[PDB]
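Have a look at the structure below, then the notes.
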Amino acid sequence: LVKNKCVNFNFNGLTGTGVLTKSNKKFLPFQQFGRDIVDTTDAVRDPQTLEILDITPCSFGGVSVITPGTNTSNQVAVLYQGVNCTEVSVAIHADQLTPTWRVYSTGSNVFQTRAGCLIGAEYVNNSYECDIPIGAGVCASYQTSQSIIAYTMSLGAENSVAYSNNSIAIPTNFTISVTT
Amino acid sequence: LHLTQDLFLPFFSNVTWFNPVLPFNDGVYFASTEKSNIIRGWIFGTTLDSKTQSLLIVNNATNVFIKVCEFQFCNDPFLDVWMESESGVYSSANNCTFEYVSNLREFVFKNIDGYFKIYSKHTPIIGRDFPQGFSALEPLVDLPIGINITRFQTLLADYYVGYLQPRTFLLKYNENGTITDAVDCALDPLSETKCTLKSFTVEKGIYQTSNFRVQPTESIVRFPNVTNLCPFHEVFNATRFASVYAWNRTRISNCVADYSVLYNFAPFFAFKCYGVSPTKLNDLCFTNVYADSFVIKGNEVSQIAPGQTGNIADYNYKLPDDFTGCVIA
Amino acid sequence: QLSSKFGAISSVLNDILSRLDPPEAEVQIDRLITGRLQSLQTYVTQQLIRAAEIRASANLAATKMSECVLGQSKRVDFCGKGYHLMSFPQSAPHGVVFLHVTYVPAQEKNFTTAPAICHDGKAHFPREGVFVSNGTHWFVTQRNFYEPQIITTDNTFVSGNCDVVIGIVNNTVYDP
Amino acid sequence: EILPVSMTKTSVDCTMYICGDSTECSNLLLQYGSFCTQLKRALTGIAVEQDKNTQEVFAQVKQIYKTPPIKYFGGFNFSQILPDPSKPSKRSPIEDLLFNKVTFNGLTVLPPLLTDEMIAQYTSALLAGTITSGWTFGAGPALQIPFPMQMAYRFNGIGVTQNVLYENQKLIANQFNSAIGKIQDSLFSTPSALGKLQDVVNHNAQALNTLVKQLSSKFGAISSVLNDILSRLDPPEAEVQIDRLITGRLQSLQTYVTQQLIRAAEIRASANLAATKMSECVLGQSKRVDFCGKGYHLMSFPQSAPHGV
Ligand SMILES: *[C@@H]1O[C@H](CO)[C@@H](O[C@@H]2O[C@H](CO)[C@@H](O)[C@H](O)[C@H]2NC(C)=O)[C@H](O)[C@H]1NC(C)=O
Ligand SMILES: *[C@@H]1O[C@H](CO)[C@@H](O[C@@H]2O[C@H](CO)[C@@H](O)[C@H](O)[C@H]2NC(C)=O)[C@H](O)[C@H]1NC(C)=O
Ligand SMILES: *[C@@H]1O[C@H](CO)[C@@H](O)[C@H](O)[C@H]1NC(C)=O
Ligand SMILES: *[C@@H]1O[C@H](CO)[C@@H](O)[C@H](O)[C@H]1NC(C)=O
Ligand SMILES: *[C@@H]1O[C@H](CO)[C@@H](O)[C@H](O)[C@H]1NC(C)=O
Ligand SMILES: *[C@@H]1O[C@H](CO)[C@@H](O)[C@H](O)[C@H]1NC(C)=O
Ligand SMILES: *[C@@H]1O[C@H](CO)[C@@H](O)[C@H](O)[C@H]1NC(C)=O
Ligand SMILES: *[C@@H]1O[C@H](CO)[C@@H](O)[C@H](O)[C@H]1NC(C)=O
Ligand SMILES: *[C@@H]1O[C@H](CO)[C@@H](O)[C@H](O)[C@H]1NC(C)=O
Ligand SMILES: *[C@@H]1O[C@H](CO)[C@@H](O)[C@H](O)[C@H]1NC(C)=O
Ligand SMILES: *[C@@H]1O[C@H](CO)[C@@H](O)[C@H](O)[C@H]1NC(C)=O
């Protein structure tokens, strides 16, 4: 029996694919399988060790691509959605991935964010206006040498109004503007 | 801009640069760069024993004469400084079936549905370095050979060999009809958004594309704890057996015919299973199997078989025609 | 989508007829008919959904024309970013373009304020302006453009005596 | 007043839904045309519109304003709405109460572009500009003005002279404070207050549950599992059953997408109304009857909420 790894399992003629982890659900002694609210077999019991064994689905998501434009350059960045960077990296070092081009550049520079795993850009501690939205507050831009970087979006400058109990401000000039 | 899916030579693939017998894997790409005309053509077939017609594609003097024949010369070859002949690679010849008459000589050979497609392109480049750039290959001729070819060679008296894979390509057609550029849909992430957008120019932004999936690797099988077993020690290692006329009909069960213990305990000289294979007997277990206890002579066991006759077969124990079991002595 | 087989023999009408018996051609034509009917239904539904949005946009455009072109609107950030003045329409393919003229102040300047003024035991309030001071003297001005003026009786109105005003000042209110 | 602003963003993959890990089913889907690409296009359009709605509603200020060290505002408290710098996420108490009252096969939920803290910062900047500058920061540079003077201007916009506010300052401040205090108790005590916001989430959950539930339907076929059907009988009958199942699942997907489009249009209309209400009631004083509240209007303060304002 292999746990915490993606395998093909056959339990008493029940076949499937997934990751088998320890669970805490308590079956009754006459029950064998377990089912979710709709159809899926969420849990299963080992016929020999009599252990509750959570079947968990494989990881999948989008492979959305970030590019700065063909006219400017040719470098790109790849975002894997809804997966942590330990895996995917593991599934690259040991294959078993769907996209056949596999390795983009590796070369360290892997950033982990709430949207997913970002490969091909370096996170910076600066902050300014967003150019290419990515996920939860993380944006990307192309600057120089030249490479693609990711940072934290800035909502704008910080201005503090000098409030006072007896202070007022009155304009002395105006401007006429035309908008479309 | 047309998107098509067919067999092609992948971009930036591995190419061997050089009479070995190169396998024919669903078409090959050939490019010969010489002016001495040493490479006189190709041979195609599987065995060259008058079973498959050896495709003798020879460009003798001016234009290629596709002669589907077999031309045994004498056997022993040697170097020669006219004839320019005497290749004895093959042994047997037969009758002719089809006849046809008509640097950087690059050819593409494909066969599908009994049709041999030969695409040719001849750009008279002056040089030996591998030239970069784009050159399209035209459908020079097709042939309804309707045979199978798995092996090929080259006719001697400087060349590269490649193999093709199924792939999706993006092609650009000129305002003539000429193909000027192509883009692959597997190499690089960029040349997948290019295929998705159906254009050669991509603007700044984030683009959705295909999805990734972690495929499984191992195959675990966990059947329940094995607890029951076939009672046979009492049968096949007993104290005493019975006479032929007062045979037992011992009932057995829990029997997958899983008898490997008998192989080691008893070196069976005779083992005949007239039904399914003995190796496959472990696949299905039984319920109402009966066994018999016999003590018979030596030149009598051959009588215990379906359709046989004799004293024992006619008076003591008779087997059915559709007898499904194994006899062990 | 005319070329989709929809699980049939082929996507061409004539070949299906002149290759096999009319019975199976019936089933194949029925399959193609059902597929194309579903395609048409999807197209019509999508068109209706888009038309609803375009109708909403057209109603918004008509309202904006009626309220910004034919008159001056007081709604904030409706006929432009700022204080609205005018608007001009320009035709465009399947659309309209509006040129909004607005008013934006600049060149601010601070000073010191006071809600009311006590001159003779009676609090005074501006009729239409805001009281300001440049450090030494008090003036009353507009609310969006600096224009100081001297305080006088017909510039302010009196209401009550000076016992409830918090930030009250003791300058002089002149009379003509 | 409570208004929805946006809904959850979803993405669906055809192959993992219909032809699950089957190479014999992917081929039979290519003959049905280009349904999947246009479904993906529609879903992506909905997804981007969701973020556009929030950006239009909230991002109405060029610069972020911050309140000074909180001091005497003429007697008005404002503590229940201003951010509290004594706990993570930097929310306001009413916001905390609001947040504490609101509670697979091939489907995916995408996170919003703007996090909750950014929305909180926008709300704080709007509130600071409203209470320190007034209505001027909505039409150019912000101008400082004392709060009692701002309300003296506000009364002047409804036909009441300036005498009333200055001669009744303390009473008005006490009434405002009491109303603010009672608002929290009214919201906390009444359970069925945030109903419409919960309705959107409930509808989305029901739609997803219905979509995943129909995957077990047989649709008048041999069974609802591809493996058993494949390895039991001849290729032609397998093709027929797979075609039946494919048609049923395509119908389910089409129904789901159409429902999502209609609901998205409704939420778009609601978001446009909310943006108009913000721009006309918060950045200025409105003369429209029963638009910024029942009775003559004075002010307005926004508060963030899950998928709404
Ligand atoms: C068949 O049965 C006989 C009788 O029980 C077995 O004989 C014994 O074999 C063991 C082997 O270690 C000896 O120690 C005993 O002395 C033998 N018999 C006695 C007197 O107890 C025999 O091994 C069995 N074998 C098979 C084929 O199952
Ligand atoms: C604004 O309101 C808050 C809460 O309504 C006031 O904070 C309370 O102050 C009293 C003092 O009498 C304490 O007993 C309470 O414990 C405080 N509440 C909390 C939650 O700590 C605050 O004092 C008010 N502002 C002013 C200026 O009085
Ligand atoms: C990282 O990836 C692992 C995969 O084993 C996952 O369990 C975990 O939740 C991810 N995140 C963190 C913070 O570890
Ligand atoms: C005038 O008001 C502005 C408002 O931003 C403030 O920055 C400035 O310091 C003030 N000047 C004074 C109080 O002299
Ligand atoms: C209001 O401002 C005045 C400045 O004239 C100051 O003296 C007073 O202390 C302030 N009130 C406060 C801080 O409560
Ligand atoms: C006001 O602005 C105009 C142009 O912006 C400038 O020419 C002028 O000097 C400024 N000052 C006054 C007092 O008009
Ligand atoms: C087509 O090809 C001819 C040459 O055969 C050339 O003169 C002409 O300009 C081409 N025009 C196109 C690209 O349509
Ligand atoms: C059944 O379980 C017992 C106790 O763990 C073990 O000794 C025995 O080998 C098992 N039988 C099997 C796995 O067939
Ligand atoms: C056969 O049957 C007889 C019945 O009395 C029994 O005594 C004997 O042990 C059996 N033996 C075998 C070989 O089955
Ligand atoms: C304030 O205004 C008065 C009005 O005449 C003027 O004389 C004076 O120079 C101005 N500045 C100061 C600092 O008083
Ligand atoms: C303002 O004038 C009144 C009446 O002369 C006087 O009682 C009061 O003290 C004065 N206020 C100040 C601040 O001097």
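Each chain of the structure tokens is named A, B, ... in the order shown, its residues numbered from 1; ligands are numbered from 1 in display order.
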Write out as a JSON list (two decimals) with N, CA and C atoms, in the first residue's frame every residue belonging to chain D that has an atom at most 7 Å from any atom of chain C, counting only C-alpha atoms.
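Saved as iface.json:
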[["chain", "number", "residue", "atom", "x", "y", "z"],
["D", 31, "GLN", "N", -16.64, 15.95, -33.23],
["D", 31, "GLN", "CA", -17.64, 16.01, -34.29],
["D", 31, "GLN", "C", -18.83, 16.88, -33.93],
["D", 32, "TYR", "N", -18.89, 17.40, -32.72],
["D", 32, "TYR", "CA", -20.02, 18.22, -32.29],
["D", 32, "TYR", "C", -19.78, 19.71, -32.48],
["D", 33, "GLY", "N", -18.65, 20.10, -33.07],
["D", 33, "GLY", "CA", -18.42, 21.49, -33.38],
["D", 33, "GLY", "C", -17.56, 22.22, -32.37],
["D", 139, "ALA", "N", -14.68, 66.49, -7.03],
["D", 139, "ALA", "CA", -14.62, 67.31, -8.23],
["D", 139, "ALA", "C", -13.32, 68.10, -8.31],
["D", 140, "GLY", "N", -12.21, 67.48, -7.91],
["D", 140, "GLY", "CA", -10.92, 68.13, -7.96],
["D", 140, "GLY", "C", -10.12, 67.92, -6.70],
["D", 149, "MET", "N", -19.12, 73.34, 10.14],
["D", 149, "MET", "CA", -19.36, 74.19, 8.98],
["D", 149, "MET", "C", -19.89, 73.36, 7.81],
["D", 163, "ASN", "N", -28.90, 79.01, 11.43],
["D", 163, "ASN", "CA", -29.10, 79.23, 12.86],
["D", 163, "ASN", "C", -29.37, 77.93, 13.59],
["D", 166, "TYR", "N", -26.14, 75.69, 14.54],
["D", 166, "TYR", "CA", -25.26, 76.32, 15.52],
["D", 166, "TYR", "C", -25.92, 76.49, 16.88],
["D", 167, "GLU", "N", -27.22, 76.74, 16.93],
["D", 167, "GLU", "CA", -27.89, 76.89, 18.21],
["D", 167, "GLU", "C", -28.43, 75.58, 18.76],
["D", 279, "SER", "N", -21.91, 57.46, -6.14],
["D", 279, "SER", "CA", -21.42, 58.72, -6.69],
["D", 279, "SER", "C", -22.35, 59.88, -6.38],
["D", 280, "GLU", "N", -23.66, 59.64, -6.27],
["D", 280, "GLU", "CA", -24.60, 60.74, -6.07],
["D", 280, "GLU", "C", -24.96, 60.99, -4.62],
["D", 284, "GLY", "N", -21.80, 63.79, -2.72],
["D", 284, "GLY", "CA", -22.56, 65.02, -2.73],
["D", 284, "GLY", "C", -23.94, 64.82, -2.13]]
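Those residues in chain A carrying a DSSP assignment of alpha helix (DSSP H), computed from the backbone, are residues 86, 87, 88, 89, 90, 91, 92 and 93 of chain A.
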Could you list the protein, DNA and RNA residues that have any atom within 7 Å of ligand 9, counting only C-alpha atoms and all ligand atoms, and write them as a short mmCIF file (atom, residue, chain, number, x, y, z; two decimals) with N, CA, C and O atoms, in the first residue's frame?
data_model
loop_
_atom_site.label_atom_id
_atom_site.label_comp_id
_atom_site.auth_asym_id
_atom_site.auth_seq_id
_atom_site.Cartn_x
_atom_site.Cartn_y
_atom_site.Cartn_z
N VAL B 235 -6.99 -35.77 0.62
CA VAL B 235 -7.25 -36.49 -0.62
C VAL B 235 -5.97 -37.01 -1.28
O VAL B 235 -5.96 -38.14 -1.78
N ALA B 238 -3.41 -39.34 1.37
CA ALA B 238 -4.35 -40.05 2.27
C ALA B 238 -3.64 -41.22 2.94
O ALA B 238 -2.41 -41.29 2.87
N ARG B 240 -5.42 -44.72 2.67
CA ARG B 240 -5.81 -45.80 1.77
C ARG B 240 -6.81 -45.29 0.75
O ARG B 240 -7.60 -44.39 1.03
N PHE B 241 -6.78 -45.88 -0.45
CA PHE B 241 -7.73 -45.58 -1.50
C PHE B 241 -8.63 -46.79 -1.74
O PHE B 241 -8.49 -47.84 -1.10
N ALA B 242 -9.57 -46.63 -2.66
CA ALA B 242 -10.59 -47.64 -2.91
C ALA B 242 -10.37 -48.33 -4.26
O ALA B 242 -9.63 -47.84 -5.12
N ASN B 248 -14.74 -43.71 -4.80
CA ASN B 248 -15.31 -42.56 -4.05
C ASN B 248 -15.80 -41.50 -5.03
O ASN B 248 -15.42 -41.57 -6.21
N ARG B 249 -16.64 -40.58 -4.55
CA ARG B 249 -16.98 -39.32 -5.26
C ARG B 249 -16.77 -38.18 -4.27
O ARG B 249 -17.75 -37.50 -3.91
N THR B 250 -15.53 -38.00 -3.82
CA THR B 250 -15.26 -36.99 -2.81
C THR B 250 -15.73 -35.62 -3.30
O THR B 250 -15.45 -35.23 -4.44
N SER B 293 -11.18 -41.91 -6.40
CA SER B 293 -10.04 -42.64 -5.87
C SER B 293 -9.89 -43.93 -6.67
O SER B 293 -10.70 -44.85 -6.53
#
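With only C-alpha atoms and all ligand atoms counted, the chains near ligand 3 contribute these residues within 12 Å: residues 4, 5, 6, 19, 21, 56, 58, 59, 82, 83, 84, 85, 86, 87, 88, 89, 90, 91, 112, 113, 114, 115, 116 and 117 of chain A.
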Output for the residues just chosen: N, CA, C and O atoms as a JSON list (two decimals), in the first residue's frame:
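This went into selection.json:
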[["chain", "number", "residue", "atom", "x", "y", "z"],
["A", 4, "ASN", "N", -0.02, 8.96, 0.23],
["A", 4, "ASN", "CA", 0.47, 10.30, -0.08],
["A", 4, "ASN", "C", 1.13, 10.35, -1.46],
["A", 4, "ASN", "O", 2.00, 11.19, -1.71],
["A", 5, "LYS", "N", 0.72, 9.46, -2.36],
["A", 5, "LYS", "CA", 1.25, 9.44, -3.72],
["A", 5, "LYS", "C", 0.13, 9.08, -4.68],
["A", 5, "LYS", "O", -0.84, 8.41, -4.32],
["A", 6, "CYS", "N", 0.28, 9.53, -5.93],
["A", 6, "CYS", "CA", -0.72, 9.29, -6.96],
["A", 6, "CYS", "C", -0.52, 7.89, -7.53],
["A", 6, "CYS", "O", 0.50, 7.60, -8.16],
["A", 19, "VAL", "N", -5.10, 9.88, -4.61],
["A", 19, "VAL", "CA", -4.13, 9.86, -3.53],
["A", 19, "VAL", "C", -4.83, 9.37, -2.27],
["A", 19, "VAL", "O", -5.87, 9.91, -1.88],
["A", 21, "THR", "N", -4.93, 8.97, 1.63],
["A", 21, "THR", "CA", -4.45, 9.56, 2.87],
["A", 21, "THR", "C", -5.27, 9.04, 4.05],
["A", 21, "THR", "O", -6.36, 8.49, 3.89],
["A", 56, "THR", "N", -8.50, 11.06, -2.48],
["A", 56, "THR", "CA", -8.52, 12.52, -2.79],
["A", 56, "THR", "C", -8.17, 12.73, -4.26],
["A", 56, "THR", "O", -7.23, 12.07, -4.73],
["A", 58, "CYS", "N", -6.88, 14.02, -8.04],
["A", 58, "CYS", "CA", -5.61, 14.53, -8.53],
["A", 58, "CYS", "C", -5.69, 16.05, -8.71],
["A", 58, "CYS", "O", -6.77, 16.63, -8.83],
["A", 59, "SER", "N", -4.52, 16.68, -8.72],
["A", 59, "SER", "CA", -4.46, 18.13, -8.89],
["A", 59, "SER", "C", -4.57, 18.49, -10.37],
["A", 59, "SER", "O", -3.95, 17.86, -11.22],
["A", 82, "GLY", "N", -4.18, 27.09, -8.76],
["A", 82, "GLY", "CA", -4.70, 26.26, -7.70],
["A", 82, "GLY", "C", -3.84, 25.06, -7.33],
["A", 82, "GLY", "O", -4.36, 23.95, -7.20],
["A", 83, "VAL", "N", -2.54, 25.26, -7.16],
["A", 83, "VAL", "CA", -1.64, 24.18, -6.79],
["A", 83, "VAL", "C", -0.40, 24.79, -6.15],
["A", 83, "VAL", "O", 0.06, 25.86, -6.54],
["A", 84, "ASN", "N", 0.14, 24.10, -5.14],
["A", 84, "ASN", "CA", 1.34, 24.58, -4.46],
["A", 84, "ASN", "C", 2.59, 24.19, -5.23],
["A", 84, "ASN", "O", 2.58, 23.27, -6.05],
["A", 85, "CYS", "N", 3.69, 24.89, -4.93],
["A", 85, "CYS", "CA", 4.90, 24.77, -5.74],
["A", 85, "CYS", "C", 5.76, 23.57, -5.38],
["A", 85, "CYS", "O", 6.68, 23.25, -6.14],
["A", 86, "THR", "N", 5.50, 22.91, -4.25],
["A", 86, "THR", "CA", 6.22, 21.67, -3.95],
["A", 86, "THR", "C", 5.91, 20.61, -5.00],
["A", 86, "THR", "O", 6.80, 20.16, -5.74],
["A", 87, "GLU", "N", 4.65, 20.22, -5.09],
["A", 87, "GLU", "CA", 4.19, 19.51, -6.27],
["A", 87, "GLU", "C", 4.30, 20.44, -7.48],
["A", 87, "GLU", "O", 4.62, 21.63, -7.35],
["A", 88, "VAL", "N", 4.05, 19.88, -8.66],
["A", 88, "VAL", "CA", 4.34, 20.51, -9.94],
["A", 88, "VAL", "C", 5.85, 20.51, -10.13],
["A", 88, "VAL", "O", 6.36, 19.98, -11.12],
["A", 89, "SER", "N", 6.59, 21.08, -9.18],
["A", 89, "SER", "CA", 8.04, 20.92, -9.19],
["A", 89, "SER", "C", 8.43, 19.45, -9.06],
["A", 89, "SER", "O", 9.29, 18.95, -9.80],
["A", 90, "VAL", "N", 7.77, 18.74, -8.14],
["A", 90, "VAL", "CA", 8.02, 17.30, -8.00],
["A", 90, "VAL", "C", 7.61, 16.57, -9.28],
["A", 90, "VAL", "O", 8.34, 15.71, -9.79],
["A", 91, "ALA", "N", 6.44, 16.92, -9.82],
["A", 91, "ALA", "CA", 5.93, 16.29, -11.03],
["A", 91, "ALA", "C", 6.73, 16.68, -12.27],
["A", 91, "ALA", "O", 6.51, 16.11, -13.35],
["A", 112, "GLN", "N", 5.40, 31.53, -5.07],
["A", 112, "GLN", "CA", 4.16, 30.88, -4.66],
["A", 112, "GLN", "C", 3.20, 31.95, -4.16],
["A", 112, "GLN", "O", 3.54, 32.74, -3.29],
["A", 113, "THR", "N", 1.99, 31.96, -4.73],
["A", 113, "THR", "CA", 0.98, 32.94, -4.38],
["A", 113, "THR", "C", -0.36, 32.24, -4.20],
["A", 113, "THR", "O", -0.51, 31.06, -4.52],
["A", 114, "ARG", "N", -1.34, 33.00, -3.69],
["A", 114, "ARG", "CA", -2.65, 32.43, -3.44],
["A", 114, "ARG", "C", -3.36, 32.02, -4.73],
["A", 114, "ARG", "O", -4.24, 31.15, -4.68],
["A", 115, "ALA", "N", -3.01, 32.62, -5.86],
["A", 115, "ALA", "CA", -3.59, 32.20, -7.13],
["A", 115, "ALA", "C", -3.03, 30.86, -7.59],
["A", 115, "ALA", "O", -3.75, 30.07, -8.20],
["A", 116, "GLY", "N", -1.77, 30.60, -7.31],
["A", 116, "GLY", "CA", -1.13, 29.37, -7.72],
["A", 116, "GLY", "C", 0.38, 29.52, -7.71],
["A", 116, "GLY", "O", 0.92, 30.35, -6.99],
["A", 117, "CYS", "N", 1.04, 28.70, -8.53],
["A", 117, "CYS", "CA", 2.49, 28.69, -8.63],
["A", 117, "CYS", "C", 2.91, 29.48, -9.86],
["A", 117, "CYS", "O", 2.44, 29.21, -10.97]]
Can you check which residues of chain A have any atom within 6 Å of chain B? Use only C-alpha atoms and format it as a short mmCIF file (atom, residue, chain, number, x, y, z; two decimals) with N, CA, C and O atoms, in the first residue's frame.
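What ended up in part.cif:
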data_model
loop_
_atom_site.label_atom_id
_atom_site.label_comp_id
_atom_site.auth_asym_id
_atom_site.auth_seq_id
_atom_site.Cartn_x
_atom_site.Cartn_y
_atom_site.Cartn_z
N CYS A 6 0.28 9.53 -5.93
CA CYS A 6 -0.72 9.29 -6.96
C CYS A 6 -0.52 7.89 -7.53
O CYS A 6 0.50 7.60 -8.16
N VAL A 7 -1.50 7.01 -7.31
CA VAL A 7 -1.42 5.62 -7.73
C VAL A 7 -2.75 5.19 -8.32
O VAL A 7 -3.74 5.94 -8.31
N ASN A 8 -2.77 3.97 -8.86
CA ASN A 8 -4.00 3.32 -9.31
C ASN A 8 -4.35 2.24 -8.29
O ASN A 8 -3.52 1.38 -7.98
N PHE A 9 -5.57 2.29 -7.77
CA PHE A 9 -5.99 1.41 -6.70
C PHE A 9 -7.13 0.50 -7.15
O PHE A 9 -7.98 0.89 -7.96
N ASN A 10 -7.15 -0.71 -6.60
CA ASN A 10 -8.19 -1.70 -6.86
C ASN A 10 -8.55 -2.34 -5.52
O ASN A 10 -7.82 -3.19 -5.01
N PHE A 11 -9.68 -1.92 -4.96
CA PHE A 11 -10.15 -2.41 -3.67
C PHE A 11 -11.41 -3.24 -3.90
O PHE A 11 -12.48 -2.70 -4.16
N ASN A 12 -11.26 -4.57 -3.81
CA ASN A 12 -12.38 -5.50 -3.96
C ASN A 12 -13.11 -5.29 -5.28
O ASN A 12 -14.34 -5.36 -5.35
N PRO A 47 -9.45 -3.70 3.27
CA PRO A 47 -10.01 -4.99 3.68
C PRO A 47 -9.14 -5.74 4.68
O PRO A 47 -9.66 -6.62 5.38
N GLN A 48 -7.85 -5.43 4.77
CA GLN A 48 -6.93 -6.16 5.64
C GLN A 48 -6.66 -5.42 6.94
O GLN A 48 -6.90 -5.95 8.03
N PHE A 60 -5.38 19.51 -10.67
CA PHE A 60 -5.54 20.01 -12.02
C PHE A 60 -5.92 21.49 -11.98
O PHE A 60 -6.40 21.99 -10.97
N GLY A 61 -5.69 22.17 -13.10
CA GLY A 61 -6.03 23.58 -13.18
C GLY A 61 -5.61 24.16 -14.51
O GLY A 61 -5.23 23.44 -15.43
N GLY A 62 -5.68 25.49 -14.60
CA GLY A 62 -5.31 26.18 -15.81
C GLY A 62 -3.82 26.42 -15.92
O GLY A 62 -3.08 26.38 -14.94
N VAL A 63 -3.38 26.68 -17.15
CA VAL A 63 -1.96 26.84 -17.45
C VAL A 63 -1.78 28.22 -18.10
O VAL A 63 -0.96 28.40 -19.00
N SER A 64 -2.58 29.19 -17.65
CA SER A 64 -2.61 30.51 -18.26
C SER A 64 -1.20 31.09 -18.40
O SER A 64 -0.31 30.85 -17.58
N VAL A 65 -1.01 31.88 -19.46
CA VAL A 65 0.30 32.34 -19.90
C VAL A 65 0.33 33.86 -19.87
O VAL A 65 -0.63 34.51 -20.30
N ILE A 66 1.43 34.42 -19.37
CA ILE A 66 1.63 35.87 -19.31
C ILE A 66 2.72 36.24 -20.30
O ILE A 66 3.82 35.68 -20.27
N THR A 67 2.42 37.20 -21.18
CA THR A 67 3.37 37.66 -22.18
C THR A 67 3.32 39.18 -22.26
O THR A 67 2.26 39.78 -22.05
N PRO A 68 4.46 39.82 -22.54
CA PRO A 68 4.48 41.28 -22.68
C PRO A 68 4.24 41.80 -24.08
O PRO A 68 4.24 43.02 -24.28
N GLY A 69 4.03 40.92 -25.06
CA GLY A 69 3.81 41.35 -26.43
C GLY A 69 4.88 40.87 -27.38
O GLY A 69 6.07 40.96 -27.08
N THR A 70 4.47 40.35 -28.53
CA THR A 70 5.43 39.83 -29.50
C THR A 70 6.31 40.94 -30.06
O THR A 70 7.48 40.71 -30.37
N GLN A 96 5.26 12.72 -15.42
CA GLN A 96 3.84 12.44 -15.21
C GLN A 96 3.00 13.72 -15.25
O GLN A 96 2.07 13.87 -14.46
N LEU A 97 3.33 14.64 -16.16
CA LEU A 97 2.51 15.81 -16.41
C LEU A 97 1.84 15.72 -17.77
O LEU A 97 2.27 14.97 -18.65
N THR A 98 0.76 16.49 -17.93
CA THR A 98 0.03 16.53 -19.19
C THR A 98 0.72 17.41 -20.24
O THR A 98 0.96 16.93 -21.35
N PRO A 99 1.06 18.69 -19.95
CA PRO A 99 1.69 19.51 -20.99
C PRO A 99 3.08 19.01 -21.35
O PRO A 99 3.99 19.00 -20.51
#
Using only C-alpha atoms, find each residue of chain A with at least one atom at most 9 Å away from an atom of chain C; report its shortest atom-to-atom pair and that distance in Å (one decimal), sort the rows by chain and rising residue number, and return the result as JSON lines.
{"residue": "A:165", "atom": "CA", "partner": "C:113", "partner_atom": "CA", "distance": 8.9}
{"residue": "A:166", "atom": "CA", "partner": "C:113", "partner_atom": "CA", "distance": 5.3}
{"residue": "A:167", "atom": "CA", "partner": "C:112", "partner_atom": "CA", "distance": 5.1}
{"residue": "A:168", "atom": "CA", "partner": "C:110", "partner_atom": "CA", "distance": 5.5}
{"residue": "A:169", "atom": "CA", "partner": "C:110", "partner_atom": "CA", "distance": 4.1}
{"residue": "A:170", "atom": "CA", "partner": "C:109", "partner_atom": "CA", "distance": 5.5}
{"residue": "A:171", "atom": "CA", "partner": "C:108", "partner_atom": "CA", "distance": 4.2}
{"residue": "A:172", "atom": "CA", "partner": "C:146", "partner_atom": "CA", "distance": 5.2}
{"residue": "A:173", "atom": "CA", "partner": "C:106", "partner_atom": "CA", "distance": 5.1}
{"residue": "A:174", "atom": "CA", "partner": "C:105", "partner_atom": "CA", "distance": 3.9}
{"residue": "A:175", "atom": "CA", "partner": "C:104", "partner_atom": "CA", "distance": 5.1}
{"residue": "A:176", "atom": "CA", "partner": "C:103", "partner_atom": "CA", "distance": 5.1}
{"residue": "A:177", "atom": "CA", "partner": "C:102", "partner_atom": "CA", "distance": 5.6}
{"residue": "A:178", "atom": "CA", "partner": "C:101", "partner_atom": "CA", "distance": 4.8}
{"residue": "A:179", "atom": "CA", "partner": "C:100", "partner_atom": "CA", "distance": 5.3}
{"residue": "A:180", "atom": "CA", "partner": "C:99", "partner_atom": "CA", "distance": 4.9}
For residue 127 (chain A), list every protein, DNA or RNA residue within 10 Å, evaluated using only C-alpha atoms, and leave out those in the same chain fewer than 3 positions away; present the list as a VMD selection string.
chain A and resid 124 130 139 150 to 156
Pull out every residue of chain D sitting within 7 Å of chain A, counting only C-alpha atoms, and send them as an NGL selection string.
:D and (62-68 or 111-115 or 132 or 143-146 or 213 or 216)
Counting only C-alpha atoms and all ligand atoms, what residues are within 7 Å of ligand 7, given as a tab-separated table (two decimals) with C-alpha atoms, in the first residue's frame?
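Once everything was written out, this is part_1.tsv:
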chain	number	residue	atom	x	y	z
B	174	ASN	CA	0.36	33.93	-49.33
B	175	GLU	CA	-1.94	36.01	-51.56
B	176	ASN	CA	-0.64	33.73	-54.30
